[PDB]
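Enquirer: One file is attached below, run21.cif, containing mmCIF, C-alpha atoms and all ligand atoms.
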data_final
loop_
_atom_site.label_atom_id
_atom_site.label_comp_id
_atom_site.auth_asym_id
_atom_site.auth_seq_id
_atom_site.Cartn_x
_atom_site.Cartn_y
_atom_site.Cartn_z
CA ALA A 1 62.54 135.18 21.91
CA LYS A 2 61.72 133.57 25.27
CA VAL A 3 59.89 130.65 23.69
CA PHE A 4 60.59 127.92 26.29
CA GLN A 5 60.74 127.82 30.07
CA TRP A 6 64.32 126.52 29.71
CA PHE A 7 66.80 126.72 26.85
CA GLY A 8 70.50 126.12 27.35
CA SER A 9 73.52 123.84 27.20
CA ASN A 10 75.26 120.95 28.84
CA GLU A 11 78.57 121.93 30.46
CA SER A 12 80.60 118.72 30.10
CA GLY A 13 84.01 117.85 31.46
CA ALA A 14 83.77 116.73 35.06
CA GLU A 15 82.78 113.25 33.83
CA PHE A 16 85.61 113.07 31.28
CA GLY A 17 88.20 110.30 31.37
CA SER A 18 85.88 107.95 33.30
CA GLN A 19 88.33 105.06 32.89
CA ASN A 20 90.37 106.64 35.72
CA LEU A 21 88.61 106.60 39.10
CA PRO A 22 89.04 108.74 41.08
CA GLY A 23 91.21 110.25 38.35
CA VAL A 24 93.00 113.59 38.62
CA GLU A 25 91.48 117.03 38.10
CA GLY A 26 93.26 118.89 35.34
CA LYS A 27 94.44 115.65 33.74
CA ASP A 28 91.47 113.23 33.49
CA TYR A 29 88.62 115.73 33.92
CA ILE A 30 87.93 119.45 34.31
CA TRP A 31 85.04 121.53 35.60
CA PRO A 32 83.16 124.07 33.43
CA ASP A 33 84.50 127.59 32.93
CA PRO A 34 82.29 130.22 34.62
CA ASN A 35 83.46 132.90 32.19
CA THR A 36 82.26 130.98 29.14
CA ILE A 37 79.02 130.14 30.97
CA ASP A 38 78.55 133.92 31.40
CA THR A 39 78.90 134.30 27.62
CA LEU A 40 76.16 131.74 26.93
CA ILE A 41 74.01 133.43 29.58
CA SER A 42 74.52 136.69 27.67
CA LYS A 43 73.36 134.93 24.50
CA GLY A 44 70.10 134.16 26.33
CA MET A 45 70.52 130.64 27.71
CA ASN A 46 69.10 130.12 31.18
CA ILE A 47 69.87 126.49 32.04
CA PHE A 48 73.15 124.62 32.26
CA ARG A 49 73.40 120.88 32.86
CA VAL A 50 76.55 119.78 34.68
CA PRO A 51 77.58 116.13 34.26
CA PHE A 52 79.76 114.56 36.95
CA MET A 53 80.63 111.02 38.04
CA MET A 54 78.94 109.59 41.14
CA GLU A 55 82.16 107.71 41.97
CA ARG A 56 84.14 110.94 42.00
CA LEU A 57 81.60 112.81 44.12
CA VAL A 58 80.99 109.93 46.55
CA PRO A 59 83.78 107.34 46.27
CA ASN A 60 83.76 103.59 47.06
CA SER A 61 80.20 103.48 48.37
CA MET A 62 77.38 105.78 47.22
CA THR A 63 76.14 105.80 50.85
CA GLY A 64 79.44 107.30 52.05
CA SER A 65 80.78 110.81 52.52
CA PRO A 66 81.53 113.07 49.54
CA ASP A 67 85.03 113.59 48.26
CA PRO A 68 85.83 117.12 49.50
CA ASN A 69 87.70 118.42 46.43
CA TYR A 70 85.30 117.13 43.78
CA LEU A 71 82.27 118.30 45.79
CA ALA A 72 83.86 121.72 46.33
CA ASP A 73 84.20 122.10 42.56
CA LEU A 74 80.63 120.91 41.92
CA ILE A 75 79.42 123.50 44.46
CA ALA A 76 81.51 126.21 42.80
CA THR A 77 80.17 125.33 39.36
CA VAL A 78 76.55 125.27 40.52
CA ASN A 79 76.93 128.54 42.37
CA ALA A 80 78.58 130.21 39.38
CA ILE A 81 75.47 129.35 37.35
CA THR A 82 72.76 130.13 39.90
CA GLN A 83 74.37 133.33 41.25
CA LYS A 84 73.72 134.79 37.78
CA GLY A 85 70.04 133.82 37.88
CA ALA A 86 70.26 130.76 35.60
CA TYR A 87 69.29 127.17 36.44
CA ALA A 88 71.97 124.54 37.17
CA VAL A 89 71.16 120.88 36.53
CA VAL A 90 73.09 118.52 38.81
CA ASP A 91 73.53 115.41 36.66
CA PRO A 92 75.22 112.24 37.97
CA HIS A 93 76.26 111.15 34.49
CA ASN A 94 76.22 107.49 35.36
CA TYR A 95 73.85 105.50 33.11
CA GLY A 96 72.20 103.89 36.13
CA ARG A 97 75.54 102.30 37.09
CA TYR A 98 78.05 102.79 39.89
CA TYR A 99 81.58 101.40 39.44
CA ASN A 100 80.18 100.07 36.13
CA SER A 101 77.61 97.83 37.88
CA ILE A 102 73.87 98.49 37.66
CA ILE A 103 72.57 100.27 40.75
CA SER A 104 70.26 97.60 42.13
CA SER A 105 69.66 99.18 45.57
CA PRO A 106 67.09 102.00 45.55
CA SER A 107 67.82 102.47 49.25
CA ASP A 108 71.52 103.08 48.54
CA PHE A 109 70.58 105.46 45.73
CA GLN A 110 68.20 107.37 47.99
CA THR A 111 71.03 107.95 50.50
CA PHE A 112 73.28 109.18 47.71
CA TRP A 113 70.55 111.59 46.67
CA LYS A 114 69.92 112.87 50.21
CA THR A 115 73.67 113.50 50.45
CA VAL A 116 73.72 115.47 47.21
CA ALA A 117 70.44 117.31 47.78
CA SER A 118 71.52 118.42 51.27
CA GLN A 119 74.32 120.45 49.66
CA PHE A 120 71.84 122.45 47.55
CA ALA A 121 68.57 122.31 49.51
CA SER A 122 68.05 126.07 49.85
CA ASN A 123 68.92 126.95 46.24
CA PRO A 124 65.72 127.11 44.15
CA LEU A 125 67.62 127.41 40.86
CA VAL A 126 69.26 123.98 41.23
CA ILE A 127 67.60 121.16 39.28
CA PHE A 128 68.29 117.57 40.34
CA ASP A 129 68.70 115.04 37.52
CA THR A 130 68.28 111.53 38.94
CA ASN A 131 70.80 109.87 36.57
CA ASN A 132 71.90 110.29 32.97
CA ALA A 133 70.50 107.88 30.39
CA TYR A 134 69.56 104.66 32.16
CA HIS A 135 69.90 101.82 29.67
CA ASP A 136 70.00 98.04 29.30
CA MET A 137 68.57 97.37 32.74
CA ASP A 138 65.35 96.31 34.41
CA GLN A 139 62.42 98.58 33.62
CA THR A 140 60.87 98.39 37.10
CA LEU A 141 64.28 99.13 38.62
CA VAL A 142 64.55 102.32 36.54
CA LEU A 143 61.17 103.40 37.93
CA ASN A 144 62.24 102.53 41.47
CA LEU A 145 65.60 104.32 41.17
CA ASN A 146 63.91 107.50 39.94
CA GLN A 147 61.44 107.34 42.85
CA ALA A 148 64.21 106.69 45.38
CA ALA A 149 66.06 109.75 44.08
CA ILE A 150 62.90 111.86 44.44
CA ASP A 151 62.40 110.52 47.96
CA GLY A 152 66.01 111.28 48.95
CA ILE A 153 65.90 114.79 47.48
CA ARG A 154 62.67 115.78 49.21
CA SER A 155 63.81 114.13 52.46
CA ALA A 156 66.73 116.59 52.55
CA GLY A 157 64.29 119.50 52.53
CA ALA A 158 65.09 120.29 48.89
CA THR A 159 61.46 120.93 48.04
CA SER A 160 61.57 124.02 45.79
CA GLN A 161 63.65 122.43 43.02
CA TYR A 162 62.52 120.73 39.88
CA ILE A 163 63.59 117.10 39.51
CA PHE A 164 64.47 115.80 36.06
CA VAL A 165 63.69 112.09 35.88
CA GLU A 166 65.17 109.94 33.11
CA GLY A 167 63.93 106.73 31.54
CA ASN A 168 65.41 103.58 30.03
CA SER A 169 66.69 103.20 26.44
CA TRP A 170 69.17 106.01 27.12
CA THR A 171 66.08 108.12 27.95
CA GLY A 172 65.60 108.57 24.20
CA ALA A 173 62.46 110.41 23.18
CA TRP A 174 62.01 108.31 20.03
CA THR A 175 62.01 105.09 22.09
CA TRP A 176 60.08 106.47 25.08
CA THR A 177 56.64 104.98 24.52
CA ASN A 178 58.05 101.59 23.54
CA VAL A 179 59.64 100.99 26.96
CA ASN A 180 59.05 103.80 29.51
CA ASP A 181 55.28 103.86 30.05
CA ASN A 182 55.69 102.75 33.67
CA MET A 183 57.46 105.99 34.41
CA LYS A 184 54.08 107.72 34.57
CA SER A 185 53.61 106.51 38.15
CA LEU A 186 56.42 108.57 39.70
CA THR A 187 55.23 110.76 42.57
CA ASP A 188 56.62 113.97 44.04
CA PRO A 189 55.07 115.88 46.97
CA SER A 190 56.36 119.10 45.37
CA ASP A 191 54.75 118.13 42.02
CA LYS A 192 57.83 119.28 40.11
CA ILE A 193 58.80 116.19 38.12
CA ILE A 194 60.00 116.92 34.58
CA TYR A 195 60.51 113.96 32.24
CA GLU A 196 63.95 114.49 30.71
CA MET A 197 64.37 112.88 27.32
CA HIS A 198 67.31 112.96 24.91
CA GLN A 199 67.13 113.09 21.12
CA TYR A 200 69.91 112.80 18.59
CA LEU A 201 69.49 113.01 14.87
CA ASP A 202 71.93 110.54 13.28
CA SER A 203 70.80 107.20 11.94
CA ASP A 204 71.05 105.15 15.14
CA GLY A 205 70.23 108.08 17.42
CA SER A 206 73.53 107.72 19.29
CA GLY A 207 74.61 111.30 18.60
CA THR A 208 78.07 110.22 17.46
CA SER A 209 77.87 111.33 13.82
CA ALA A 210 77.51 114.85 12.43
CA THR A 211 75.15 113.53 9.74
CA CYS A 212 71.41 113.80 10.31
CA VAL A 213 68.99 111.28 8.78
CA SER A 214 66.77 113.91 7.14
CA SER A 215 65.61 117.48 7.50
CA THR A 216 62.60 116.25 9.54
CA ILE A 217 64.08 113.47 11.68
CA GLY A 218 64.05 115.44 14.94
CA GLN A 219 60.40 116.45 14.79
CA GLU A 220 59.46 112.90 13.76
CA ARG A 221 61.44 111.38 16.63
CA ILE A 222 59.65 113.35 19.37
CA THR A 223 56.04 113.12 18.18
CA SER A 224 55.01 110.02 20.13
CA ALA A 225 56.83 111.23 23.25
CA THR A 226 54.91 114.51 23.00
CA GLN A 227 51.59 112.67 22.85
CA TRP A 228 52.65 110.43 25.76
CA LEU A 229 53.40 113.43 27.95
CA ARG A 230 50.07 115.04 27.06
CA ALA A 231 48.03 111.88 27.54
CA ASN A 232 49.54 111.30 30.97
CA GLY A 233 49.41 114.91 32.17
CA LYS A 234 53.20 115.18 32.41
CA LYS A 235 55.86 117.74 31.49
CA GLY A 236 59.06 117.03 29.57
CA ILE A 237 62.39 118.57 28.65
CA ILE A 238 64.91 117.64 25.97
CA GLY A 239 67.97 117.39 28.21
CA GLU A 240 70.37 116.62 25.35
CA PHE A 241 70.15 117.17 21.62
CA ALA A 242 72.64 117.95 18.88
CA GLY A 243 73.26 117.83 15.15
CA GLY A 244 76.20 118.55 12.91
CA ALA A 245 77.09 121.93 11.42
CA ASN A 246 75.49 121.18 8.06
CA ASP A 247 72.43 122.12 6.05
CA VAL A 248 70.29 119.02 6.70
CA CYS A 249 71.01 119.11 10.43
CA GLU A 250 70.22 122.81 10.79
CA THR A 251 66.78 122.17 9.30
CA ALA A 252 66.23 119.11 11.48
CA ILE A 253 67.15 121.12 14.59
CA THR A 254 64.87 124.06 13.80
CA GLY A 255 62.05 121.75 12.72
CA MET A 256 62.16 119.87 15.99
CA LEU A 257 62.40 123.02 18.13
CA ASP A 258 59.60 124.66 16.12
CA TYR A 259 57.45 121.62 16.87
CA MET A 260 58.18 121.74 20.59
CA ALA A 261 57.43 125.47 20.49
CA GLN A 262 53.86 124.64 19.40
CA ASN A 263 53.61 122.03 22.15
CA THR A 264 54.75 123.92 25.24
CA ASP A 265 51.82 122.54 27.21
CA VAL A 266 54.15 119.56 27.63
CA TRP A 267 57.63 120.74 26.49
CA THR A 268 59.50 122.98 28.93
CA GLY A 269 62.49 123.43 26.62
CA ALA A 270 65.73 121.95 25.46
CA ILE A 271 69.41 121.65 26.34
CA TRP A 272 72.17 121.33 23.73
CA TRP A 273 74.93 118.70 24.02
CA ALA A 274 77.42 120.13 24.75
CA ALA A 275 79.67 122.97 25.86
CA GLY A 276 82.65 122.53 28.20
CA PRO A 277 86.35 123.43 28.12
CA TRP A 278 88.01 120.21 26.79
CA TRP A 279 85.97 119.46 23.65
CA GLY A 280 88.47 120.91 21.17
CA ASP A 281 87.20 120.26 17.65
CA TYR A 282 84.19 118.22 18.83
CA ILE A 283 81.49 118.23 16.15
CA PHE A 284 78.90 119.50 18.67
CA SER A 285 81.01 121.87 20.80
CA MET A 286 78.93 124.79 22.06
CA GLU A 287 81.95 126.18 23.97
CA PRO A 288 82.59 129.90 23.34
CA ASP A 289 84.21 131.25 21.41
CA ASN A 290 85.47 128.65 18.89
CA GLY A 291 83.32 125.56 19.33
CA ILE A 292 81.93 124.34 16.01
CA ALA A 293 78.36 124.47 17.29
CA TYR A 294 78.95 127.80 19.07
CA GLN A 295 80.08 129.29 15.74
CA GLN A 296 77.76 127.53 13.32
CA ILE A 297 74.67 126.26 15.20
CA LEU A 298 74.02 128.93 17.84
CA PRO A 299 72.94 131.47 15.14
CA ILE A 300 70.03 129.19 14.22
CA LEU A 301 69.00 128.88 17.89
CA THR A 302 68.45 132.66 18.11
CA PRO A 303 64.61 132.47 17.81
CA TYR A 304 64.48 130.40 21.02
CA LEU A 305 66.71 132.57 23.24
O1 LIG A 401 92.93 120.15 27.35
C1 LIG A 401 94.22 119.56 27.51
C2 LIG A 401 94.19 118.45 28.52
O2 LIG A 401 93.75 117.27 27.82
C3 LIG A 401 93.66 116.10 28.61
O3 LIG A 401 93.24 114.97 27.81
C4 LIG A 401 91.87 115.11 27.44
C5 LIG A 401 91.76 115.12 25.93
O4 LIG A 401 92.44 116.25 25.39
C6 LIG A 401 90.30 115.14 25.50
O5 LIG A 401 90.21 114.99 24.09
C7 LIG A 401 89.53 114.01 26.17
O6 LIG A 401 88.17 114.21 25.85
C8 LIG A 401 87.37 113.03 25.79
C9 LIG A 401 86.91 112.61 27.18
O7 LIG A 401 87.95 112.01 27.94
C10 LIG A 401 85.74 111.65 27.10
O8 LIG A 401 85.25 111.38 28.41
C11 LIG A 401 84.64 112.24 26.23
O9 LIG A 401 83.56 111.32 26.14
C12 LIG A 401 82.43 111.97 25.58
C13 LIG A 401 82.11 111.35 24.22
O10 LIG A 401 83.09 111.75 23.27
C14 LIG A 401 80.71 111.74 23.72
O11 LIG A 401 80.37 110.94 22.59
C15 LIG A 401 79.66 111.57 24.82
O12 LIG A 401 78.39 112.10 24.44
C16 LIG A 401 77.29 111.31 24.87
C17 LIG A 401 76.78 111.65 26.27
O13 LIG A 401 77.78 111.47 27.27
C18 LIG A 401 75.56 110.79 26.62
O14 LIG A 401 74.96 111.25 27.83
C19 LIG A 401 74.50 110.79 25.52
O15 LIG A 401 73.61 109.76 25.79
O16 LIG A 401 75.10 110.58 24.23
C20 LIG A 401 76.12 111.54 23.92
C21 LIG A 401 76.49 111.33 22.47
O17 LIG A 401 77.03 110.04 22.29
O18 LIG A 401 80.08 112.29 25.97
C22 LIG A 401 81.28 111.77 26.55
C23 LIG A 401 81.47 112.51 27.86
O19 LIG A 401 80.31 112.37 28.69
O20 LIG A 401 85.16 112.46 24.94
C24 LIG A 401 86.19 113.45 24.91
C25 LIG A 401 86.57 113.65 23.47
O21 LIG A 401 87.07 112.45 22.91
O22 LIG A 401 89.71 114.06 27.58
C26 LIG A 401 91.07 113.93 28.00
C27 LIG A 401 91.05 113.86 29.50
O23 LIG A 401 90.24 112.77 29.94
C28 LIG A 401 95.03 115.77 29.19
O24 LIG A 401 94.95 114.62 30.02
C29 LIG A 401 95.57 116.94 29.98
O25 LIG A 401 96.89 116.65 30.42
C30 LIG A 401 95.57 118.20 29.13
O26 LIG A 401 95.93 119.33 29.92
#
Kindly return the structure encoded in the file as structure tokens.

Expert:
Amino acid sequence: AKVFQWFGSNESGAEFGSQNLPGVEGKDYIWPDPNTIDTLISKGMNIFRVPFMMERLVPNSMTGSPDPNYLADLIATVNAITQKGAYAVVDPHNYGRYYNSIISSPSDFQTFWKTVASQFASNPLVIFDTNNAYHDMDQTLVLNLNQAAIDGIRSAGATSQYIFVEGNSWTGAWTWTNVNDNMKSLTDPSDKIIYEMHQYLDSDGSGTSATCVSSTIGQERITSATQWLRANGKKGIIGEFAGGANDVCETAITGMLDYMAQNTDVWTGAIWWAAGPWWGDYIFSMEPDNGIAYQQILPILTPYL
């Protein structure tokens, strides 16, 4: 059932092997497979988030020219998604950092975002994601970086697209109200800001263990974020979530999605972490046809597709 505006999967791989910059395609990183994206589209997903490294797209200086090969493959991936009618989220998977240093220049970040947005300005099914999971950095800077991204995107004439903004504390939903209240002041002339939060279900919320705290931990961890969105007249998306292929996690996943389904005045949907071609036996692999989550979790996501 078409419960949410957006329901889909991350398509990870282009950000793999980040210790090697620029690194080598086919050895350090790989782009998503359009054929397996088609399969997930056939299952009813309509949004695919595509991580990539800023340093690989725009080397040495974020204000510089794109790397032709890496950009060409980003373009190809985005077009493979949007040509089918689905939404493609362009996600610089960079944690608010560039060459492992916090991005402290909003002006530099705005130029980076004009450069990226210019490549996709006429495509209304592209979604721009300012940066993945800002963390351990100045709270006002996170606000200013998100605004600079919005400004750069709209300055390129990319005005039809939604913009996913992300907050501090790894943009966690469960930590949102404790640190990210200032994010309410972001402005967009297109009025298409979506607050992208992430929520994992293991004890520390890192999403590194297949064990979930309890059968209700997901719905508990997004309640205050839901109220924050409603109180501030904002819209949100869960841009990453996952749980292990086990009984407790299946119930936590459905409980949290069932809760968002009764709160769609603020929740636009949810995006699983993650599919992609190099996950192998990853505990959360949504990659068709043999990913653990593709085999064992996707059946419980049927009511939302
Ligand atoms: O296919 C054959 C091919 O293999 C090449 O070598 C591969 C190797 O086979 C892969 O196992 C390896 O894969 C690892 C990636 O290098 C690494 O980047 C990736 O890191 C993951 C991490 O495991 C995961 O926890 C993390 O999730 C977080 C999100 O990123 C955050 O946004 C969110 O906040 O929290 C979640 C949960 O913590 O994601 C990152 C990626 O973003 O882990 C992979 C598995 O270990 O890659 C090698 C290449 O780099 C070989 O070189 C080729 O020759 C060969 O053909």

Enquirer: Using all atoms listed in the file, determine which residues lie at most 12 Å from residue 146 of chain A, disregarding the query and same-chain residues fewer than 2 positions distant; provide the list as a VMD selection string.

Expert: chain A and resid 96 103 to 107 109 to 110 113 128 to 134 139 to 144 148 to 153 163 to 168 182 to 188 193 to 196

Enquirer: List as a ChimeraX atom specification the protein and nucleic acid residues lying within 7 Å of ligand LIG 401 (chain A), with only C-alpha atoms and all ligand atoms counted.

Expert: /A:12-13,15-18,26-29,93,132-133,170,206-208,278-280,282

Enquirer: Kindly give the distance, in Å, that separates atom CA of residue 191 of chain A and atom CA of residue 116 of chain A, rounded to a single decimal.

Expert: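 So the answer is 19.8 Å.
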
Enquirer: For residue 32 of chain A, which of A:231, A:1, A:276, A:181 is the closest residue, counting all atoms listed in the file?

Expert: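 The closest residue to residue 32 of chain A is A:276.
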
Enquirer: Check the smallest atom-to-atom distance from each of A:227, A:77, A:254, A:178 to residue 35 of chain A using all atoms listed in the file, then report the winner.

Expert: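 Of A:227, A:77, A:254, A:178, the one nearest residue 35 of chain A, counting all atoms listed in the file, is A:77.
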
Enquirer: Out of A:97, A:81, A:155, A:88, which residue has the shortest atom-to-atom distance to residue 117 of chain A when counting only C-alpha atoms?

Expert: A:155

Enquirer: In Å to one decimal, how far is atom CA of residue 11 of chain A from atom CA of residue 58 of chain A?

Expert: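 These atoms are spaced 20.2 Å apart.
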
Enquirer: Looking at only C-alpha atoms, which of A:205, A:21, A:70, A:64 is the one that sits closest to residue 100 of chain A?

Expert: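 Checking each candidate against residue 100 of chain A, we get A:21 as the closest.
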
Enquirer: Counting only C-alpha atoms, which residue out of A:112, A:162, A:228, A:87 sits closest to residue 45 of chain A?

Expert: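 Closest candidate: A:87.
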
Enquirer: For the atom pair atom CA of residue 125 of chain A and atom CA of residue 83 of chain A, what is the interatomic distance in Å to one decimal place?

Expert: 9.0 Å

Enquirer: In terms of the shortest atom-to-atom distance over only C-alpha atoms, which of A:240, A:91, A:265, A:67 is closest to residue 284 of chain A?

Expert: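 Going through A:240, A:91, A:265, A:67 one by one, the smallest distance to residue 284 of chain A is for A:240.
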
Enquirer: I'd like the box whose edges run along x, y and z of the file and which contains every listed atom of segment 119-123 of chain A, padded by 5 Å per side; could you state its centre and edge lengths in Å, one decimal, as AutoDock Vina command-line options?

Expert:
--center_x 71.2 --center_y 123.7 --center_z 48.0 --size_x 16.3 --size_y 16.5 --size_z 13.6

Enquirer: Residues around (65.6, 111.3, 14.4), cut-off 9 Å, counting all atoms listed in the file - what are they as JSON, numbers by chain?

Expert: {"A": [174, 199, 200, 201, 202, 203, 204, 205, 212, 213, 214, 216, 217, 218, 219, 220, 221, 222, 252]}

Enquirer: Set the distance at 8 Å and use all atoms listed in the file: which residues neighbour residue 273 of chain A once local chain neighbours fewer than 4 positions away are removed? I'd like the list as a list in words.

Expert: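 The contact residues come out as residues 9, 10, 240, 241, 242, 284, 285 and 286 of chain A.
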